[PDB]
Every structure is written in C-alpha cells, then in structure tokens.
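Trainee: The structure is given below, and queries will be raised subsequently.
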Amino acid sequence: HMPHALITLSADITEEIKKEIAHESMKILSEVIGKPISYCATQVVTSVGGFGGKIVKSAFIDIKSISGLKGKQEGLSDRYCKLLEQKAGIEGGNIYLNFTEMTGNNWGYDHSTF
Amino acid sequence: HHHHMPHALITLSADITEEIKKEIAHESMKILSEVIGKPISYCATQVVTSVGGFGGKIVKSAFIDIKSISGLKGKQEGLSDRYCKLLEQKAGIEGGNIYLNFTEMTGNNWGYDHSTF
Amino acid sequence: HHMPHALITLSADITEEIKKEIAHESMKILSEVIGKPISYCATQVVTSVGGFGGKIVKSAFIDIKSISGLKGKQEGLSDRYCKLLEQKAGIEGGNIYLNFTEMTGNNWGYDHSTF
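Chains as they are written, first to last, in the deposited numbering: chain A, 0 to 113; chain B, -3 to 113; chain C, -1 to 113.
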C-alpha cells in the first residue's frame, strides 16, 4: 500500500516532539491502514499557519497511498487529531486532512515505479 | 449556503520575515473566503519556507496548492490573479515564478476534527 | 507546454547551497526526462523531519506534477531523483517515495492566469 503522511503544522514545538509526531504517525498509518510499518512513511514540515482568518497553531495532513484508504478516513482523522492534540496542543477544529489513493504507475520508490 | 472547506498550502522561497508570512496566511484565507464564497471560519492556510527555482535559475518563487470540496470550477483564474498579486506585494515574487494547482476533493476524502465528511 | 513542477520534501541535514543544487538539478531532470525546455521547469526544496519504517532517518517525499507529459516517464523520473538525492544528500533509495499527478490545464495556475 505504501502509505505516506505529509504533516504540515504550525505549532511551536521542539525537534524532539516533531520526531515523536513522525514516529506516532507511522504507527497510526500501520495500525489503521493495516500494513507493516516498514512501508509507512511520514514527513513533518514546520509552517506558519492560520485557520478561520486567525493565526493559530494548526495543521494540514496529506495522506497518500496505493489504495487502502476507502473507509479508513474517519479512523485516521480521529487518530491524527488526537495525536496533534496530545503532542502539540492543536485543536481538532484547526486540523484539515486529505486522503488520496494513487495508482501504482504514479508511485515511485527506490528508482522504480509500481 | 454550501460548505466548501478551502485550503491553501503556500510553499515559497522568498527571504521574508515571520510577520510577513503571517500576513500572507491571513490574506490567503480572506482571498479563499471571498472568491470561493464560503464563511471564512472554514478557510485555512499553511505557509512553508522553501529553497526554490524557476526556469533552471534559483529565484524567488512559489507553489500554491489550493484544495477544497468543490467550489473551484470557474474560480481558478480569479484565484491565480489574487495570489500572484499577494505574493508580489508581500514577497516580491514575480508572476512568472509562481505555479498554482487546484484540486477538488470528495467529502469522504476530507478529514476535520476527528471525523470526515 | 507541460509546466513540470517538483516539490521535494526531504529530511537530510544539508547546506543551503546543496539544497539550491538539488533544485537546480531537479529542473534539469524535469527538462531532460519530460522532454520540455527548462524555462518552465520549477522546483521547491522543503526541509522536514522524516521517518521510514517507524524510525527517524534521512528520507524524502517528491511530489511531481505537470499538465500531462508524465505517462510513461515515471520510471525514468524515479531513477534520476533517487540518484540525485543519494548523491547530494546521502538518502537511500529505500527511503524515498515519489508521486506523479497529471493536472488539467484549467486546474493549473501561472502568472495571474490559468491554462
């Protein structure tokens, strides 16, 4: 399935906390999408962010994979919102998520495609 | 009367202050709300500082990823004009060094506050 | 008129100069493999904190987007970027994911307008 999470968040957090978020994100991907964690990936990007016209700690989480998302979107949102709430104090009302299934031909990994 | 949930992820490579980045995020959300037509409480924006190039040269540039649950069809031109005027005014980025993408998402692929749509 | 773009999110500890070199080479790769002139090839290099397989390690995610012109070139594109990131940033091929997306022109904005 090759799940990936690009997490763009604007909290003032330590680098350690960013690493813990990346770690928990890969665990979340494996547990909810159901694949072995060795193929789960995550990048955490620090941003300057706003929600509803206000500058507030917030996030956008871009989930992409070679299928495996259909029906699992709700569970992933609840896990990620609890995580960013727990590690960065970001409110659920200030987090957007996106889920996108990609065909193998448009998925690159280790010099090749699927 | 119809909920659209617009988002703009702005990746730009200008040398600008954090305050100017906040102003960009703020104006971006106003632009989204005014042009896509939704209440601004549902418009969101993240500004990401990058190292960037255009046309083989290293130059002030940006990539603006606009996403929503519909509401984009026909509004892309107006959005391109307002964002290019914004990044030019605040960061000095030329219109010829900004790319934008527009993507309409189905509700089931949109997460918010522990649930989906 | 393909307008290729590469958004490179990588978590290596590299200099700003090296990041410019990656962006510079990225546009050349776009121009050479998609077959277009480089004047419309564009790239952003974004520094992240990243992991692969539950561990924190240098890794990358590469978002390749254009108005078509990708169909069939993805294999070649993955090979060049994986070699580029290995050579300039020491990132292993097994810690790089890539995505390819063809956009219709009406959903492609540039210089105050669309296509």
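Yeah, the Cβ is synthetic: ideal placement off N, Cα and C, and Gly gets one too.
(1) Is the stretch 79 to 97 of chain B touching the stretch 68 to 78 of chain C in the sense that three or more CB pairs, one from each, lie closer than 8 Å?
(2) Output the boundary residues of the beta strand (DSSP E) element that contains residue 75 of chain A.
(3) Give the DSSP-derived three-state secondary structure of residue 53 of chain B in the structure shown.
(4) Can you name, in chain order, every residue of its own chain whose Cβ lies under 7 Å from the Cβ of residue 108 of chain A, other than the five neighbours on each side?
(5) Which residues of the stretch 12 to 41 of chain B have a Cβ closer than 9 Å to any Cβ of chain A? Give them in chain order.
(6) When burial is assigned at 16 or more other CB atoms within 10 Å of the CB, is residue 11 of chain C buried or exposed?
(7) Rank C:16, C:36, C:94 by C-alpha distance to the C-alpha of residue 52 of chain B and give the top, closest one.
(8) What does the Cβ neighbour count give for residue 13 of chain C, buried or exposed, with the cut at 16 atoms within 10 Å?
(9) Kindly indicate the opening and closing residues of the alpha helix (DSSP H) around residue 29 of chain B.
(10) Taking the beta carbon of residue 102 of chain B as the centre, do at least 16 other beta carbons fall within 10 Å, making it buried, or is it exposed?
(11) What are the partner residues of residue 97 of chain A, as DSSP defines its beta bridges?
(12) Which class does residue 37 of chain A belong to by DSSP, given the choice of helix, strand or coil?
(13) According to DSSP, simplified to helix, strand and coil, what is residue 92 of chain B?
(14) Examine chain C for any beta-carbon lying closer than 8 Å to the beta-carbon of residue 57 of chain A, and answer yes or no.
(15) Measuring only between beta-carbons, confirm whether residue 65 of chain A sits less than 8 Å from chain B.
(16) Do you know how far the Cα of residue 24 of chain A is from the Cα of residue 88 of chain C?
(17) Nearest-angstrom Cα distance between residue 78 of chain C and residue 47 of chain A?
(18) Is residue 93 of chain A near residue 64 of chain A, with beta carbons less than 8 Å apart?
(19) Checking the sheet assignment: what are the DSSP bridge partners for residue 10 of chain C?
(20) Quick check on this structure: which residue in A:59, A:33, A:18, A:39 has the alpha carbon closest to the alpha carbon of residue 9 of chain A?
(21) State the DSSP-derived secondary structure class of residue 68 of chain C, mapped to helix, strand or coil.
(22) Is there a Cβ of chain B sitting closer than 8 Å to that of residue 113 of chain A, yes or no?
(23) Select from C:91, C:106, C:95 the residue whose C-alpha is nearest the C-alpha of residue 73 of chain B.
Mentor: The relevant details are as follows:
(1) Not touching, per the Cβ criterion.
(2) Residue mapping note: residue 75 of chain A aligns to position 76 of the first sequence, counting from 1. Note, residue 75 of chain A: premise wrong, no beta strand (DSSP E); alpha helix (DSSP H) at 72 to 87.
(3) Here residue 53 of chain B refers to the residue found at position 57 of the second sequence. The answer is strand: DSSP assigns residue 53 of chain B an E or B state.
(4) Counted from its first residue, the first sequence places residue 108 of chain A at position 109. Excluding sequence neighbours, residue 108 of chain A sits near 1.
(5) Flagged, chain order: 14, 17, 18, 20, 21, 22, 24, 25, 26, 29, 35, 36, 37, 38, 39, 40, 41.
(6) Along the third sequence, read from residue 1 onward, the residue named residue 11 of chain C stands at position 13. Around the beta-carbon of residue 11 of chain C, fewer than 16 other beta-carbon atoms lie within 10 Å, marking it exposed.
(7) Locating residue 52 of chain B in the second sequence gives position 56, counting from the first residue. Of all alpha-carbon atoms in C:16, C:36, C:94, the one lying nearest the alpha-carbon of residue 52 of chain B is that of C:36.
(8) Your numbering for residue 13 of chain C matches position 15 in the third sequence. Exposed, by the Cβ-count rule.
(9) Taking the second sequence and counting its residues from 1, the one referred to as residue 29 of chain B is at position 33. It spans 14 to 32 - the alpha helix (DSSP H) in which residue 29 of chain B sits, taken as one unbroken run.
(10) Reading the second sequence from its first residue, position 106 is the one you call residue 102 of chain B. So residue 102 of chain B ends up on the exposed side.
(11) Here the question's residue 97 of chain A lines up with position 98 in the first sequence. According to DSSP, which records beta bridges pairwise, residue 97 of chain A is partnered with A:61, B:106.
(12) Start at 1 with the first residue of the first sequence, and residue 37 of chain A comes out as number 38. In this structure, residue 37 of chain A counts as helix in the three-state DSSP scheme.
(13) Indexing the second sequence from 1 puts residue 92 of chain B at position 96. Residue 92 of chain B: helix per DSSP, three-state reduction.
(14) Translated into the one-based positions of the first sequence, residue 57 of chain A becomes position 58. It does not; no Cβ of chain C falls within 8 Å.
(15) Against the first sequence, residue 65 of chain A aligns to sequence position 66. Taking Cβ atoms only, chain B never reaches closer than 8 Å to residue 65 of chain A, which makes this a no.
(16) On the third sequence, position 90 is the one that residue 88 of chain C refers to. On the first sequence, position 25 is the one that residue 24 of chain A refers to. Across the structure, residue 88 of chain C and residue 24 of chain A are spaced so that their CA atoms are roughly 24 Å apart.
(17) Position 80 of the third sequence, counting from 1, holds the residue named residue 78 of chain C. Position 48 of the first sequence, counting from 1, holds the residue named residue 47 of chain A. Roughly 32 Å separates the two Cα atoms.
(18) Locating residue 93 of chain A in the first sequence gives position 94, where the first residue counts as 1. Locating residue 64 of chain A in the first sequence gives position 65, where the first residue counts as 1. The criterion of a C-beta distance shorter than 8 Å is not satisfied by residue 93 of chain A and residue 64 of chain A.
(19) Here the question's residue 10 of chain C lines up with position 12 in the third sequence. In the DSSP assignment, residue 10 of chain C is bridged to no other residue.
(20) Working through the first sequence from its first residue, we reach residue 9 of chain A at position 10. It is A:59 whose Cα lies nearest to the Cα of residue 9 of chain A.
(21) By one-based count along the third sequence, residue 68 of chain C stands at place 70. Three-state DSSP puts residue 68 of chain C in coil, outside helix and strand.
(22) Numbered from its first residue, the first sequence carries residue 113 of chain A at position 114. No, no contact with chain B.
(23) For the purposes of this step, residue 73 of chain B is identified with residue 77 of the second sequence, where counting begins at 1. Per the Cα distances, C:106.
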